[PDB]
Amino acid sequence: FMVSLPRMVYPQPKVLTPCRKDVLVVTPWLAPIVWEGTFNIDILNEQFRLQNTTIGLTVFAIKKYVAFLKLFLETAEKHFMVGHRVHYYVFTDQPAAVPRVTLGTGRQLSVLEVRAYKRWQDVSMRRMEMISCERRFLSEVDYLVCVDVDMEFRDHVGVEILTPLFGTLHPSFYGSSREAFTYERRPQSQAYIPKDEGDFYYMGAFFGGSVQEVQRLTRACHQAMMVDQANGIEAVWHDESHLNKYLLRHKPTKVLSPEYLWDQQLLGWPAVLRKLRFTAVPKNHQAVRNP
Ligand SMILES: O=c1ccn([C@@H]2O[C@H](COP(=O)(O)OP(=O)(O)O)[C@@H](O)[C@H]2O)c(=O)[nH]1
Ligand SMILES: [Mn+2]
C-alpha cells in the first residue's frame with residue numbers, strides 16, 4: 001500500500017513542450033529512457049522514500065581489481081541513491097584488501113568472499129552465477145543494481161533508475177544501426193541474435209531491477225552460458241552477449257541513457273549528454289587482468 005504524496009510545488013509539465021527533442025525518451029514498448037531533463041527527482045524521491053526503498057549494489061573486485069574499490073565506493077557515497085537505504089555487496093577473493101570506506105547513515109556494506117577464476121572472461125561471466133548462490137537479497141533489499149568496479153560516480157545516480165528490469169545503453173553503440181551491434185552472431189550460441197533483430201546494445205557493466213527480476217536474468221544468463229560451455233562455444237562479448245539476448249526477449253521496463261555508463265577518455269563529452277554520471281576509470285587491460 002502506498003500513501004498519498006504530500007503537497008509539492010514544482011513547475012507544471014507542459015503537454016505541448018517535450019523535455020528533450022534531440023533524443024528518444026520512450027521505447028516502442030513504452031519503457032522510459034532516462035536522460036537528464038526527463039524526470040523531477042523531488043517527485044521520484046518522495047515516491048520511493050514513502051516505500052522505504054532499500055537498494056542493493058553488487059560489485060566484483062577480484063584479483064587486481066581490488067585497487068578500484070576505494071574510488072568506486074567513495075564516489076558511490078557521494079552520488080548513488082543518497083537519502084535512501086543502500087546495501088553494498090562486495091564480492092572479492094581478498095576480503096582483507098577491501099578499503100575501509102566511511103559510509104553515510106542508512107548505508108551498509110557486506111563483504112562476500114568468492115573464488116577467483118584464472119581467465120578475466122570467466123571472472124566476468126561468473127558474476128551472473130554468483131549474483132543468482134545468494135539468497136539474502138530477497139530479505140535485505142527491494143532492488144538490485146549490478147555494476148563493474150573499474151568505474152567512478154561523477155554525478156547523481158538515483159531512484160530514477162529503479163523499475164522491475166533495466167539495462168543501460170552502451171556508450172559506443174547508442175547511435176549505431178543494429179547490424180553493427182556486436183551481438184553474438186553464431187547460431188551455435190545461446191546468445192545468438194540475427195542481423196534483423198535487436199532494439200539496443202546494452203552495456204554489461206550496469207543493469208538491475210527488482211530482486212525477483214534480477215535473479216531471473218542472472219539465472220537465465222548463467223544457464224545459457226552453461227549450455228554454451230557444454231557446446232564448446234564462448235560468446236564474443238561474454239556475459240554482455242547473454243545480457244543482450246535476455247533483454248531482447250524480455251524487454252526492460254526502463255532503459256538508462258549513456259549518461260549512466262560513459263568513457264570520457266574514449267568518447268569525450270558529446271552535446272547529447274548533459275551529465276556524465278558513472279564513468280570508466282582508465283585501465284591497462286592486459287596488465288590489470290593478469291598476474
Ligand atoms: O580480473 C578481474 C577481471 C574482471 N573483474 C570484474 O569484472 C568486471 C568486468 O571486467 P572489466 O571491467 O575488465 O571489463 P571491461 O569494462 O574492460 O569490458 C570488472 O569491472 C570487475 O568487476 C574483476 O573483478 N577482476
Ligand atoms: Mn569495466
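Note that ligands are numbered from 1 as they come in the structure, with each ligand's atoms numbered from 1 the same way. Residue indices begin at 1 and follow the sequence shown. Basis for what follows: all heavy atoms, side chains included, without hydrogens, waters or symmetry-related copies.
- Between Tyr183 and the choices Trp237, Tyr246, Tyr201, the ring-ring contact (aromatic ring centres under 6.0 Å, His included) rule is met once, by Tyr201.
- Ring orientation note: the planes of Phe137 and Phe91 are tilted relative to one another, at an angle of 30° to 60°.
- In this structure, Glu184 contributes its side chain and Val236 its backbone to a donor-acceptor pair below 3.5 Å.
- Distances from atom 9 (C) of ligand 1 to the heavy atoms of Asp148, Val281, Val90 put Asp148 nearest.
- Atoms of ligand 1 lying under 4.0 Å from at least one heavy atom of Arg289, given by number and element, are 11 (P), 13 (O), 14 (O), 15 (P), 17 (O), 18 (O).
- At a heavy-atom cutoff of 4.0 Å, ligand 1 is contacted by the backbone of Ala61 but not by its side chain.
- For ligand 1, the polar-atom distance check against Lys63 finds no nitrogen or oxygen pair separated by under 3.5 Å.
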task: Show the numbers, then the answer: is there a salt bridge (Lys or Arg N to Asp or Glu O under 4.0 Å) between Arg127 and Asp148?
output: CA-CA 10 Å; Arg127 296 184 293 171; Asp148 276 22; 2.8 Å; yes

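- In this structure, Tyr174 and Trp262 have tilted ring planes: the angle between them lies in the 30° to 60° band.
- Residue contacts with ligand 1, taken as heavy atom pairs separated by less than 4.0 Å, involve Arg127 solely via side-chain atoms from C-beta onward.
- The Mn ion (ligand 2) forms the vertex of an angle spanning OD2 of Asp150 and OD2 of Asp148; to the nearest 10 degrees it equals 150°.
- In summary, the aromatic rings of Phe278 and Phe206 are positioned with their centroids under 6.0 Å apart.
- Remark: ligand 1 atoms within the under-4.0 Å shell around heavy atoms of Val149 are 20 (O), 21 (C), 22 (O).
- A ring pair (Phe, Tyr, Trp, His ring centres under 6.0 Å) check over residues 26-48, counting only residues at least two apart or in different chains, returns nothing.
- By the 3.5 Å distance cut-off applied to N or O atoms, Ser124 is not counted among the residues near ligand 1.
- Every atom of ligand 1 is numbered from 1 in the order shown, and the set under 4.0 Å from a heavy atom of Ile62 is 1 (O), 2 (C), 23 (C), 24 (O), 25 (N).
- Judged purely by atom type and a 3.5 angstrom limit, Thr253 uses its side chain to pair as donor or acceptor with the backbone of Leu165.
- Below 4.0 Å from some heavy atom of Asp150 lie the following atoms of ligand 1, by number and element: 12 (O), 16 (O), 20 (O).
- Heavy atoms of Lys283 approach ligand 1 to within less than 4.0 angstrom.
- Distances from atom 23 (C) of ligand 1 to the heavy atoms of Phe68, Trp237, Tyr117, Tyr65 show the closest one on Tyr65.
- If you number the atoms of ligand 1 from 1 as listed, the ones under 4.0 Å from a heavy atom of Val123 come out as 2 (C), 3 (C), 4 (C), 5 (N), 23 (C), 25 (N).
- In this structure, the ring of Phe200 has its center no less than 6.0 angstrom from the ring center of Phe173.
- Backbone and side-chain nitrogen or oxygen atoms of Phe60 are examined, and one is located within less than 3.5 angstrom of a nitrogen or oxygen of ligand 1.
- For residues 267-291, every residue pair satisfying the salt bridge (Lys or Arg N to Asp or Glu O under 4.0 Å) rule, not counting sequence neighbours, is listed here: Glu36-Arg277, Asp150-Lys283, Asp155-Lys275, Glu259-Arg277.
- Within the 4.0 Å heavy-atom criterion, the part of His285 lying near ligand 1 is the side chain and not the backbone.
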